[PDB]
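Accompanying notes for the structure given below.
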There are 2 protein chains.
Amino acid sequence: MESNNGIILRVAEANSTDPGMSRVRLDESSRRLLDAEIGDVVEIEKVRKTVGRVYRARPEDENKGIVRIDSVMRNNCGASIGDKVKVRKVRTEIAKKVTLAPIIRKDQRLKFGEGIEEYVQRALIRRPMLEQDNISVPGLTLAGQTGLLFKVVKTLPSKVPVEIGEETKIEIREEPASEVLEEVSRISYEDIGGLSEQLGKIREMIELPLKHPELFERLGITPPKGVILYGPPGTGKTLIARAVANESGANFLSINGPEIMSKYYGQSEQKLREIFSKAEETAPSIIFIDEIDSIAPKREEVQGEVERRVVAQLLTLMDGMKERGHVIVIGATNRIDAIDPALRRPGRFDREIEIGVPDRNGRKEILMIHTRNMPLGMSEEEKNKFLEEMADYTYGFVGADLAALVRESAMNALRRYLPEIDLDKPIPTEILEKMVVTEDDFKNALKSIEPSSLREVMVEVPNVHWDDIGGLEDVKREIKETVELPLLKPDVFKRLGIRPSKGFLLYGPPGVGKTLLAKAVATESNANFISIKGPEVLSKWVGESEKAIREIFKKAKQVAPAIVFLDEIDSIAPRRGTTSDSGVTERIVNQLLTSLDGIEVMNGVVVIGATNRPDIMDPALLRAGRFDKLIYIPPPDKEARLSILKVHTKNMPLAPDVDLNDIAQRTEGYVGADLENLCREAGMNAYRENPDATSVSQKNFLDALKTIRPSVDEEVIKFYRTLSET
Amino acid sequence: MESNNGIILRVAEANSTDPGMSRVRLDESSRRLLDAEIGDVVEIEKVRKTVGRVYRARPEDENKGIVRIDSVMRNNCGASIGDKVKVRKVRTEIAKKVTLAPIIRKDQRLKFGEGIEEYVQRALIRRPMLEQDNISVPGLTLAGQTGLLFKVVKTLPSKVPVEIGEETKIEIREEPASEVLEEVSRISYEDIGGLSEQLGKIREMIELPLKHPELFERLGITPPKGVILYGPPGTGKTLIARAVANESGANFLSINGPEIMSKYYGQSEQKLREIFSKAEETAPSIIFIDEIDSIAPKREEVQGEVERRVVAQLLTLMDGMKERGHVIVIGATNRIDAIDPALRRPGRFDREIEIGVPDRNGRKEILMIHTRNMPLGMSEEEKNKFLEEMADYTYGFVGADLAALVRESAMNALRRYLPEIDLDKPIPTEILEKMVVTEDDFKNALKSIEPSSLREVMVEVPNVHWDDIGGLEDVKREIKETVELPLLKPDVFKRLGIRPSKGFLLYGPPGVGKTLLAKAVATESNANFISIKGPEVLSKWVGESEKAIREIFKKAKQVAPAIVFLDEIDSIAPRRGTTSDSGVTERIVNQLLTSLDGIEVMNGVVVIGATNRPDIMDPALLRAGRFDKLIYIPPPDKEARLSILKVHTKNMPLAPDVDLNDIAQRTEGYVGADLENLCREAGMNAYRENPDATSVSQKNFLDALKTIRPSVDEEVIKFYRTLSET
């Protein structure tokens with residue numbers, strides 16, 4: 001990694017795709033170590049003396065220590081993670097003409113198209129080029145068209161590494177050419193969109209079984225056997241295992257279930273045994289069984305004992321290896337519930353990896369992986385497409401869905417462009433210029449979408465703060481003491497001999513904006529936001545997943561610290577019946593008690609219940625340890641309402657035409673959720689299509705005032721006041 | 001003990017690993033009978049006329065006739081536990097130069113002698129050594145490498161024992177040490193701290209077949225043929241057996257069934273015959289079948305000719321015993337009902353053993369086995385390496401989880417250490433010196449885990465006494481005569497005509513601390529505790545474990561004297577529709593009724609029911625002969641409530657200005673739960689919620705009065721009484 005840089009620099013993976021390639025991100029403080037100015041061309045040289053020369057370029061968030069590098073340069077130079085390099089300031093000259101040839105292995109005799117306008121011109125923008133070095137220019141969504149690998153057979157400035165500005169003619173030969181360098185179809189970690197933390201968390205964790213073979217194979221420590229993967233597919237499960245294989249240098253051997261179901265009675269097992277034994281003798285290699293869940297579900301529900309021994313044998317084949325051949329059996333599955341206890345015991349698989357559906361941050365990264373093969377990407381075209389925009393329309397979808405989604409974006413572009421022009425056997429050059437991906441390609445691609453999976457609550461943080469919602473400072477001032485302090489002050493409550501409580505219960509009028517109260521304490525904690533809505537219980541009540549509902553806490557336990565917020569969950573108790581068809585409880589209700597009582601009072605997880613109809617609960621949540629603290633949400637008052645109105649209403653334009661005091665007298669009946677609606681509705685009455693300098697007017701508030709009904713009654717406020725007594 | 005507490009003694013194992021491997025824990029009289037006192041280095045000579053020196057040490061629980069000593073010195077000399085030893089105090093000698101060599105197997109040429117400064121130079125601890133001594137030092141990296149073993153090839157003083165002072169120079173010649181040996185890495189009795197009574201039983205069972213100096217003619221007993229193990233495997237389960245072989249010095253054979261079941265019809269049998277034949281030349285030896293579960297599962301479920309011939313071959317192995325050459329048969333399975341009736345009966349397996357799960361303690365003694373190899377001799381950080389603080393957190397898991405947990409703990413530390421430094425081919429000293437353990441990594445690793453516990457009940461005895469909860473001296477005096485006396489005075493009963501009762505049923509308001517009432521008498525009875533409650537019972541229902549309900553009594557029966565406590569048995573009957581799906585009855589009650597009638601009270605079991613509403617359920621549990629005495633728990637009262645509050649206030653700081661009499665008299669319609677929360681909620685007001693350093697105040701108990709509200713109504717409290725009258 002780092003020698004105290006300026007010569008040996010730590011290599012990282014580009015968080016962007018970068019313009020072209022040779023553009024390489026460095027830090028101002030790091031740029032002084034090699035002593036040059038941005039825009040300069042520097043050459044990085046390392047083991048094998050395989051080289052490329054790149055640009056000194058901007059940082060973004062970069063720590064002083066890293067260098068964001070594209071895997072293309074790494075693949076050409078074969079750079080592993082955190083390698084050591086020799087960099088120096090080099091004088092780069094002007095090219096005259098460079099003779100290139102496509103890779104026949106990857107092409108298979110397809111593209112004769114003339115790329116002087118497209119590939120070449122793109123290559124004419126400030127790209128250093130090396131003779132006898134294979135380099136690629138991305139872009140061009142698939143017609144059969146990618147950034148195509150071009151090895152330099154000759155450069156007119158013979159045996160001189162040179163840079164191509166915009167004058168020179170790059171030479172497209174199309175002549176067959178063969179090299180040793182690997183087909184880049186074998187991927188890199190960067191090719192996996194995933195997430196940062198997730199991919200990283202999995203990266204260094206999947207890094208340890210190998211670590212790296214080069215300087216350290218095994219001296220201290222030791223391998224912890226195999227690995228397991230969970231969850232539905234991301235960009236892919238086979239891709240994650242394969243990306244680890246390619247960069248690591250170990251051979252990649254795919255073992256799947258259907259191959260075992262193909263042949264029986266020693267035909268598959270001997271074939272599987274041979275491939276297993278062949279993997280070690282051919283090591284380094286990666287042994288990966290995806291469908292093991294299908295072959296080894298065993299609760300003894302399946303049949304064909306001869307089939308059970310086969311996988312129970314593959315388990316015995318693993319420990320037959322000393323871990324001296326440097327190969328790992330990597331498992332994968334959709335669910336951990338399917339495992340046989342044999343897979344569970346250490347010595348076979350002791351490692352656990354959860355593949356979750358990447359958040360918008362991940363889908364934002366997946367947009368880049370696709371825009372690497374196609375135009376129209378953020379900063380790729382000078383017109384900027386902000387990645388959060390496209391992510392706004394992707395909900396819980398994965399890479400395979402985004403790919404299929406982008407595949408349709410291009411397919412539509414194809415469906416429009418090509419058929420109207422049709423085409424012939426030769427691929428014209430013109431079609432590549434006319435080809436333009438449009439923001440509509442996403443629109444028409446979004447027209448076909450669907451979730452394939454069952455919902456399981458996920459982490460997030462809002463922007464809410466105490467000021468973002470007004471009123472009720474008394475309960476608010478208490479929430480600080482309840483949640484934040486046990487996290488920041490675990491050692492205090494020991495000296496006090498006072499044992500805190502796990503969680504509390506918010507109860508008050510229906511729909512006070514109770515969700516906002518959770519979001520407020522959520523952002524404050526700077527932790528993850530987990531809210532269990534009724535509909536989620538409904539959805540999980542249909543699939544008899546009430547089991548899964550307990551993993552929501554388990555998930556909260558592993559991702560801790562987090563705040564698990566239970567909304568309306570109380571309804572489950574009376575749902576079938578309170579005492580009617582069930583006495584105090586269901587099998588679902590006890591699950592909350594199991595996880596809540598089992599976990600310690602002070603942990604990274606914070607439990608918050610919310611019920612605005614608190615009596616229909618069965619007593620379980622009321623008893624000690626079961627949500628002890630009873631927190632009542634009283635309705636806002638004339639000052640809070642005035643204070644809640646002023647906060648939510650000033651997020652848009654405002655004018656003296658409507659004032660806080662006069663409207664406050666008009667609302668005695670509305671909670672945080674209702675008040676914010678009045679502000680929007682009043683603005684929906686006026687319009688800025690016809691001239692308006694403000695989004696609100698007193699006449700408009702009076703219109704919304706008529707629409708909304710002061711549903712509050714001192715009667716409905718009495719049940720809570722009387723109920724807290726009973 | 002041993003016949004002589006003087007020079008001649010018996011050798012016993014160190015119960016705590018301790019730094020004292022080179023030290024020896026020595027009783028106060030045993031030293032006096034020998035000679036001198038604490039502070040003297042001693043020379044020990046024993047059977048085989050091999051010697052070693054050590055430093056003595058202070059007793060705590062020791063009895064004169066045992067000197068608790070490490071396996072290192074014994075394994076170095078090669079001695080087992082129970083051998084006779086000649087100990088004396090001698091001169092403290094010193095080495096001018098000393099040699100040490102690593103093991104070949106452990107190395108495989110992986111360490112060239114770097115590390116001299118971090119280990120040995122720091123290893124000069126004034127630990128008495130011997131000529132050609134084999135010394136073990138802890139250290140290095142973890143991820144699961146065990147203690148670092150050295151052999152002394154040379155000590156510059158010619159053929160004399162020495163103790164290591166802190167000056168001397170040291171030689172590492174990169175020379176051989178041993179390519180073969182019985183090591184501490186090869187496991188020992190000490191490495192497992194969970195077995196206490198079980199390990200004891202195995203001794204008479206392994207010894208006599210190994211024989212031993214004490215017994216040959218074998219009065220009574222017999223050469224037991226086989227052994228069976230139970231419980232989740234992988235933690236000690238596989239290690240226990242191979243540990244009995246290493247310490248017994250017998251010849252060990254590990255058997256893997258699926259690799260035997262690999263071959264069919266005559267290829268497998270000869271392999272089995274060879275494993276058994278192999279045990280004949282080594283007879284007496286150790287046969288261990290881990291896969292017996294998979295080898296003979298057949299209750300008539302799975303068919304085929306192979307499983308009957310392989311077991312029949314195993315059944316043939318039971319007849320092949322000459323009994324003068326007797327070899328041990330050990331096996332591992334997750335239950336007894338899994339194997340086949342032929343093997344269950346004597347003549348093949350006459351010994352069937354349950355291997356349980358560790359307690360917070362039991363897990364703690366598994367930690368020091370791991371901590372032995374962990375750096376940072378002691379922790380001032382948060383949790384001291386007196387390990388009480390680390391062990392108590394978890395609901396608890398087996399050693400494999402702790403191993404993988406601490407295995408990843410040192411890994412989390414490595415993640416912060418190594419990736420920043422990385423390394424080159426060599427591993428210098430400073431790197432090993434800089435890195436040390438940190439408890440936060442154990443917590444970060446605690447967040448990545450799984451609850452290996454599936455369905456089961458660990459038992460214990462509580463600390464609750466009658467002082468923890470006061471009031472109702474009549475019921476307090478009643479539970480004593482009902483619980484204790486059946487154990488203490490069953491004979492007084494028969495002479496005068498009364499017979500030991502069956503059980504009694506507690507009932508009263510919810511959350512009065514009724515869960516503590518049983519724990520209170522449980523401490524007085526000094527018996528084992530069992531809690532039968534809904535979340536646990538329903539957990540059996542989810543897994544259709546109802547048979548296990550009977551196993552709880554049977555398990556409480558083998559570990560008896562024990563106490564079983566049934567609360568929440570309410571929720572059991574109605575939730576299946578006591579009156580809804582049947583008239584009064586369900587299946588689960590039959591399990592309790594069947595098991596309740598099947599057990600008996602001379603087995604050390606105390607049947608205790610607890611019910612909030614003794615009506616809705618079946619009269620069986622209510623009728624006498626199942627639950628005899630009926631006990632109503634009335635609500636706390638001022639004078640008793642006062643004492644209970646005095647029990648709470650002595651756990652936290654206190655001020656004179658607060659008086660428990662007045663507030664207790666301001667409190668009405670409350671159970672013990674509200675108050676134990678009250679005192680806590682009050683203390684929160686004074687010190688932290690109001691951010692001061694100060695002890696509580698009367699306003700705080702008044703502030704809690706505003707927070708707390710009546711729960712139990714005086715009218716229903718009368719209803720419970722009238723309800724009981726009927």
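Convention: chains lettered A, B, ... in structure tokens order; per-chain residue numbering from 1; ligands numbered from 1 as shown.
All C-alpha atoms of chain B and chain A, which share one sequence, were paired in order; after least-squares superposition their RMSD is 2.3 Å.
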Once you count only C-alpha atoms, which residues of chain B turn out to be within 6 Å of chain A? Could you give them as a short mmCIF file (atom, residue, chain, number, x, y, z; two decimals) with N, CA and C atoms, in the first residue's frame?
```
data_model
loop_
_atom_site.label_atom_id
_atom_site.label_comp_id
_atom_site.auth_asym_id
_atom_site.auth_seq_id
_atom_site.Cartn_x
_atom_site.Cartn_y
_atom_site.Cartn_z
N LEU B 110 7.71 -21.86 8.33
CA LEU B 110 7.00 -20.60 8.19
C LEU B 110 7.56 -19.47 9.05
N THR B 141 -0.52 -13.66 16.67
CA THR B 141 -1.84 -13.38 16.11
C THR B 141 -2.83 -14.48 16.46
N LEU B 142 -4.11 -14.13 16.39
CA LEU B 142 -5.22 -15.06 16.58
C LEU B 142 -6.07 -14.99 15.32
N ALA B 143 -7.29 -15.53 15.38
CA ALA B 143 -7.88 -16.29 14.28
C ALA B 143 -7.79 -17.79 14.57
N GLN B 145 -4.96 -19.79 16.02
CA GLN B 145 -3.72 -20.48 16.36
C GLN B 145 -3.56 -20.54 17.88
N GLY B 234 -19.89 -29.83 17.74
CA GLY B 234 -18.92 -28.89 17.21
C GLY B 234 -18.19 -28.06 18.24
N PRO B 258 -20.09 -41.11 6.42
CA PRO B 258 -20.32 -40.84 4.99
C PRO B 258 -19.12 -41.15 4.12
N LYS B 425 7.05 -9.74 3.31
CA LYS B 425 7.26 -11.16 3.57
C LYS B 425 7.61 -11.44 5.03
N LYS B 447 -21.93 -8.24 17.75
CA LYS B 447 -23.02 -7.82 16.87
C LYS B 447 -23.15 -8.75 15.68
N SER B 448 -22.04 -9.36 15.25
CA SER B 448 -22.10 -10.38 14.21
C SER B 448 -22.00 -11.76 14.86
N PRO B 535 -43.79 -17.95 26.31
CA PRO B 535 -42.80 -17.79 25.23
C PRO B 535 -41.92 -19.01 25.03
N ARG B 575 -55.57 -20.25 24.22
CA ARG B 575 -55.14 -19.80 22.90
C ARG B 575 -55.38 -20.88 21.85
N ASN B 651 -29.95 -0.18 46.90
CA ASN B 651 -29.17 -0.47 45.71
C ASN B 651 -28.62 0.78 45.04
N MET B 652 -29.02 1.96 45.50
CA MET B 652 -28.62 3.22 44.87
C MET B 652 -28.28 4.22 45.96
N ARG B 680 -36.72 3.52 40.39
CA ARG B 680 -35.81 3.74 39.27
C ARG B 680 -36.15 5.03 38.54
N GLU B 689 -31.71 12.81 34.47
CA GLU B 689 -32.73 13.59 33.77
C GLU B 689 -32.61 15.07 34.11
#
```
Name the residues of stretch 61-114 of chain A that fall into strand (DSSP E) according to DSSP on the backbone, using the chain letters and numbers of this document, as a PyMOL selection string.
chain A and resi 68-69+86-89+98-102
Could you name the residues that touch residue B:445 at 10 Å or less, counting only C-alpha atoms, but leaving out those on the same chain fewer than 4 positions away, as JSON, numbers by chain?
{"A": [558], "B": [402, 404, 405, 406, 407, 408, 409, 410, 411, 412, 439, 440, 441, 449]}
Atoms to include: N, CA, C and O atoms. Write the selected residues as a JSON list (two decimals), in the first residue's frame.
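Output (result.json):
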```
[["chain", "number", "residue", "atom", "x", "y", "z"],
["A", 558, "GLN", "N", -27.84, -6.95, 14.31],
["A", 558, "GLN", "CA", -26.59, -7.02, 13.56],
["A", 558, "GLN", "C", -26.18, -5.65, 13.01],
["A", 558, "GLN", "O", -24.99, -5.33, 12.97],
["B", 402, "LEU", "N", -18.39, -18.84, 20.76],
["B", 402, "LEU", "CA", -17.42, -18.00, 21.44],
["B", 402, "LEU", "C", -16.07, -18.03, 20.73],
["B", 402, "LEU", "O", -15.44, -16.98, 20.54],
["B", 404, "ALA", "N", -15.42, -18.71, 17.46],
["B", 404, "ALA", "CA", -15.59, -17.87, 16.28],
["B", 404, "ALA", "C", -15.79, -16.41, 16.67],
["B", 404, "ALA", "O", -15.39, -15.51, 15.93],
["B", 405, "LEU", "N", -16.42, -16.17, 17.82],
["B", 405, "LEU", "CA", -16.62, -14.80, 18.28],
["B", 405, "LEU", "C", -15.30, -14.14, 18.64],
["B", 405, "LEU", "O", -14.97, -13.06, 18.13],
["B", 406, "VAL", "N", -14.52, -14.77, 19.52],
["B", 406, "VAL", "CA", -13.19, -14.24, 19.83],
["B", 406, "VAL", "C", -12.28, -14.36, 18.61],
["B", 406, "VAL", "O", -11.38, -13.54, 18.43],
["B", 407, "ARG", "N", -12.48, -15.39, 17.78],
["B", 407, "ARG", "CA", -11.70, -15.52, 16.56],
["B", 407, "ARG", "C", -11.87, -14.29, 15.68],
["B", 407, "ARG", "O", -10.89, -13.78, 15.11],
["B", 408, "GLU", "N", -13.10, -13.79, 15.56],
["B", 408, "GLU", "CA", -13.34, -12.57, 14.80],
["B", 408, "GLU", "C", -13.00, -11.33, 15.61],
["B", 408, "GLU", "O", -12.76, -10.26, 15.05],
["B", 409, "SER", "N", -12.97, -11.46, 16.94],
["B", 409, "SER", "CA", -12.59, -10.33, 17.78],
["B", 409, "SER", "C", -11.16, -9.89, 17.50],
["B", 409, "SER", "O", -10.91, -8.72, 17.19],
["B", 410, "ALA", "N", -10.21, -10.82, 17.60],
["B", 410, "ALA", "CA", -8.83, -10.51, 17.23],
["B", 410, "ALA", "C", -8.74, -10.11, 15.76],
["B", 410, "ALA", "O", -7.79, -9.44, 15.35],
["B", 411, "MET", "N", -9.72, -10.53, 14.96],
["B", 411, "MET", "CA", -9.74, -10.15, 13.56],
["B", 411, "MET", "C", -10.16, -8.69, 13.40],
["B", 411, "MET", "O", -9.53, -7.93, 12.66],
["B", 412, "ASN", "N", -11.23, -8.28, 14.10],
["B", 412, "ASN", "CA", -11.62, -6.87, 14.09],
["B", 412, "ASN", "C", -10.45, -5.98, 14.47],
["B", 412, "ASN", "O", -10.20, -4.95, 13.83],
["B", 439, "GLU", "N", -11.74, -4.87, 24.10],
["B", 439, "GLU", "CA", -13.04, -5.48, 24.34],
["B", 439, "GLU", "C", -14.08, -5.01, 23.33],
["B", 439, "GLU", "O", -15.01, -5.75, 23.00],
["B", 440, "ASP", "N", -13.94, -3.78, 22.83],
["B", 440, "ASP", "CA", -14.92, -3.27, 21.87],
["B", 440, "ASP", "C", -14.99, -4.15, 20.63],
["B", 440, "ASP", "O", -16.08, -4.32, 20.06],
["B", 441, "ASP", "N", -13.86, -4.71, 20.21],
["B", 441, "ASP", "CA", -13.88, -5.64, 19.08],
["B", 441, "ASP", "C", -14.68, -6.89, 19.43],
["B", 441, "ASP", "O", -15.33, -7.48, 18.56],
["B", 449, "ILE", "N", -23.15, -12.43, 14.91],
["B", 449, "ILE", "CA", -23.33, -13.70, 15.59],
["B", 449, "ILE", "C", -24.66, -14.30, 15.13],
["B", 449, "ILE", "O", -25.35, -13.75, 14.27]]
```
One-decimal distance in Å that lies between atom CA of residue B:5 and atom CA of residue B:202
26.6 Å
Exercise: residue B:531 partners within 9 Å, only C-alpha atoms, chain neighbours under 6 positions left out, as a PyMOL selection string:
chain B and resi 457+459+515+563-567
Selected residues written out with N, CA and C atoms, as a PDB file, in the first residue's frame:
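Once written, part-v7.pdb looks like this:
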```pdb
ATOM      1  N   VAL B 457     -33.746 -25.581  27.371  1.00  0.00           N
ATOM      2  CA  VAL B 457     -33.804 -24.822  28.614  1.00  0.00           C
ATOM      3  C   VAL B 457     -32.535 -25.104  29.401  1.00  0.00           C
ATOM      4  N   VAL B 459     -30.689 -24.504  32.981  1.00  0.00           N
ATOM      5  CA  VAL B 459     -31.181 -24.353  34.340  1.00  0.00           C
ATOM      6  C   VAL B 459     -30.113 -23.656  35.175  1.00  0.00           C
ATOM      7  N   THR B 515     -42.825 -13.951  39.739  1.00  0.00           N
ATOM      8  CA  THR B 515     -41.710 -14.697  39.166  1.00  0.00           C
ATOM      9  C   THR B 515     -40.559 -14.803  40.159  1.00  0.00           C
ATOM     10  N   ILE B 563     -36.443 -27.591  40.993  1.00  0.00           N
ATOM     11  CA  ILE B 563     -37.751 -26.979  41.194  1.00  0.00           C
ATOM     12  C   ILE B 563     -38.271 -26.544  39.834  1.00  0.00           C
ATOM     13  N   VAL B 564     -39.506 -26.927  39.524  1.00  0.00           N
ATOM     14  CA  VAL B 564     -40.152 -26.531  38.278  1.00  0.00           C
ATOM     15  C   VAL B 564     -41.235 -25.516  38.621  1.00  0.00           C
ATOM     16  N   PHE B 565     -41.285 -24.428  37.858  1.00  0.00           N
ATOM     17  CA  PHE B 565     -42.213 -23.332  38.105  1.00  0.00           C
ATOM     18  C   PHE B 565     -43.023 -23.057  36.847  1.00  0.00           C
ATOM     19  N   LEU B 566     -44.342 -23.205  36.952  1.00  0.00           N
ATOM     20  CA  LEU B 566     -45.251 -23.008  35.826  1.00  0.00           C
ATOM     21  C   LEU B 566     -45.984 -21.684  36.015  1.00  0.00           C
ATOM     22  N   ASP B 567     -45.642 -20.706  35.187  1.00  0.00           N
ATOM     23  CA  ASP B 567     -46.374 -19.455  35.064  1.00  0.00           C
ATOM     24  C   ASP B 567     -46.748 -19.263  33.600  1.00  0.00           C
TER      25      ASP B 567
END
```
Please identify all polymer residues within 8 Å of residue B:157, counting only C-alpha atoms, omitting same-chain residues fewer than 4 positions from it, and present them as a PyMOL selection string.
chain B and resi 95-97
Using DSSP secondary structure from the backbone, list all alpha helix (DSSP H) positions within stretch 293-488 of chain B, as a VMD selection string.
chain B and resid 293 to 295 305 to 319 341 to 344 360 to 371 388 to 391 399 to 421 429 to 434 439 to 447 473 to 488
Env of stretch 670-675 of chain A: 7 Å cut, atoms = only C-alpha atoms, seq-sep filter 4 positions within chain, self excluded. Answer as a ChimeraX atom specification.
/A:511-513,635-636,644-645,679,710
Suppose we keep N, CA and C atoms; can you now write the selection as a compact mmCIF listing (two decimals), in the first residue's frame?
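Full text of again_37.txt as output:
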```txt
# COMPACT_ATOMS: atom_id res chain seq x y z
N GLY A 511 -53.13 9.43 14.37
CA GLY A 511 -52.37 10.14 13.36
C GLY A 511 -51.88 11.51 13.77
N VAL A 512 -51.18 11.59 14.91
CA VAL A 512 -50.60 12.86 15.34
C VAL A 512 -49.37 13.20 14.50
N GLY A 513 -48.95 12.30 13.62
CA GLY A 513 -47.65 12.42 13.01
C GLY A 513 -46.65 11.60 13.80
N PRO A 635 -52.71 16.40 22.42
CA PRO A 635 -52.83 17.17 21.19
C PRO A 635 -52.14 18.52 21.33
N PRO A 636 -51.71 19.13 20.23
CA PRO A 636 -51.09 20.45 20.31
C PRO A 636 -52.04 21.46 20.93
N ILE A 644 -46.57 24.89 15.19
CA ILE A 644 -46.45 23.81 14.21
C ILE A 644 -46.77 24.33 12.82
N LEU A 645 -47.78 25.21 12.72
CA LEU A 645 -48.09 25.83 11.44
C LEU A 645 -46.91 26.63 10.90
N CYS A 679 -51.71 23.46 5.19
CA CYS A 679 -50.76 24.32 4.50
C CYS A 679 -50.69 23.97 3.01
N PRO A 710 -62.76 19.83 12.35
CA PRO A 710 -62.12 19.67 13.67
C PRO A 710 -62.58 18.41 14.38
```
